[PDB]
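Report on the following structure.
Protein chains in written order, with the numbering used here: chain P, 1 to 52; chain C, 1 to 82; chain B, 1 to 30.
See the structure below:
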């Protein structure tokens, strides 16, 4: 019902490069789930500390 | 009326307090004077804990499963006994 | 009786303090 296919190498890739560029992210300002850099640009100090 | 010096001194102290709070806000990197530029609503939690949690769980599962194991019996491919 | 300006000044200062603390809390993310 929610079967999702992933591999070891693919998961490592999506782990390492989900914070650099995300093809599933939104590239236009004003939408949610934007790029990680842009989200950091607006995040609070506590949020970026947790992300660290 | 006879002005109390305590009132004037407290007025100067409070103005100094507001100035010093503004300066501290500026030093920390924020502009405190206007509430509009402040975040609304504020956010303290992670961006999206659900998606990252899913990624970590899937990574743990993939590491556990991908590694090739001796497959001759159900009790022979175990990683940890009890 | 006429009001001493010190009281009004302190009231405005304290309201500004309330506002500034709320903005600082919002900026930190709370």
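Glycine included, each C-beta is placed from N, C-alpha and C at the ideal position.
Check your understanding: Looking only at DSSP bridge pairs, what is residue 26 of chain P linked to?
Key -> Counted from its first residue, the first chain places residue 26 of chain P at position 26. Beta bridge pairing from DSSP links residue 26 of chain P with P:34.
Check your understanding: Span of the alpha helix (DSSP H) holding residue 5 of chain C?
Key -> Residue mapping note: residue 5 of chain C aligns to position 5 of the second chain, counting from 1. According to the DSSP assignment, residue 5 of chain C belongs to the alpha helix (DSSP H) that extends over 5 to 28.
Check your understanding: Given residue 34 of chain P, which residues of its chain have a CB within under 7 Å of its CB, disregarding the five upstream and five downstream residues?
Key -> Taking the first residue of the first chain as position 1, residue 34 of chain P is located at position 34. Here residue 34 of chain P has 25, 26 as same chain residues with Cβ atoms under 7 Å from its own Cβ, once five neighbours each way along the sequence are excluded.
Review point. Which word fits residue 38 of chain C, buried or exposed, when buried means at least 16 other C-beta atoms lie within 10 angstroms of its C-beta?
Key: Working through the second chain from its first residue, we reach residue 38 of chain C at position 38. With 16 or more other Cβ atoms within 10 Å, it is buried.
Check your understanding: So with Cβ pairs under 9 Å, would you call residue 1 of chain C a contact of chain B?
Key -> Translated into positions along the second chain, residue 1 of chain C becomes position 1. For residue 1 of chain C, the answer is yes, since a Cβ of chain B falls inside 9 Å of its Cβ.
Check your understanding: By a C-beta neighbour count over all protein chains shown, 10 Å radius and 16 as the cutoff for buried, is residue 41 of chain P buried or exposed?
Key -> For the purposes of this step, residue 41 of chain P is identified with residue 41 of the first chain, where counting begins at 1. The residue in question, residue 41 of chain P, is exposed, as its Cβ has fewer than 16 Cβ neighbours within 10 Å.
Point to revise | Environment of residue 26 of chain B [buried if 16+ CB atoms lie within 10 Å] | key: Residue 26 of chain B sits at position 26 when you count from the first residue of the third chain. It is buried - the Cβ of residue 26 of chain B has at least 16 other Cβ atoms within 10 Å.
Practice item. Could you please give the first and the last residue of the uninterrupted alpha helix (DSSP H) stretch that includes residue 50 of chain C? Key: Against the second chain, residue 50 of chain C aligns to sequence position 50. 49 to 66 is the span of the alpha helix (DSSP H), which, as asked, contains residue 50 of chain C.
Practice item. Please classify residue 15 of chain P: does DSSP put it in a helix, a strand, or coil? Key: Translated into the one-based positions of the first chain, residue 15 of chain P becomes position 15. Looking at residue 15 of chain P - three-state DSSP - the assignment turns out to be helix.
Check your understanding: Taking C-alpha atoms, which residue in C:79, C:77, C:62, C:78 lies nearest to residue 10 of chain P?
Key -> Here residue 10 of chain P refers to the residue found at position 10 when the first chain is read from its first residue. Per the Cα distances, C:62.
Check your understanding: Roughly how many whole angstroms lie between the Cα atoms of residue 76 of chain C and residue 60 of chain C?
Key -> On the second chain, position 76 is the one that residue 76 of chain C refers to. On the second chain, position 60 is the one that residue 60 of chain C refers to. Each residue's Cα considered, the two are about 21 Å apart.
Point to revise | Backbone CA spacing between residue 50 of chain C and residue 8 of chain B [nearest angstrom] | key: Locating residue 50 of chain C in the second chain gives position 50, counting from the first residue. Locating residue 8 of chain B in the third chain gives position 8, counting from the first residue. Cα-Cα distance, rounded: 50 Å.
Point to revise | C-beta contact flag for residue 11 of chain C and residue 16 of chain B at 9 Å | key: One-based indexing of the second chain puts residue 11 of chain C at position 11. One-based indexing of the third chain puts residue 16 of chain B at position 16. Result no, Cβ atoms of residue 11 of chain C and residue 16 of chain B do not sit closer than 9 Å.
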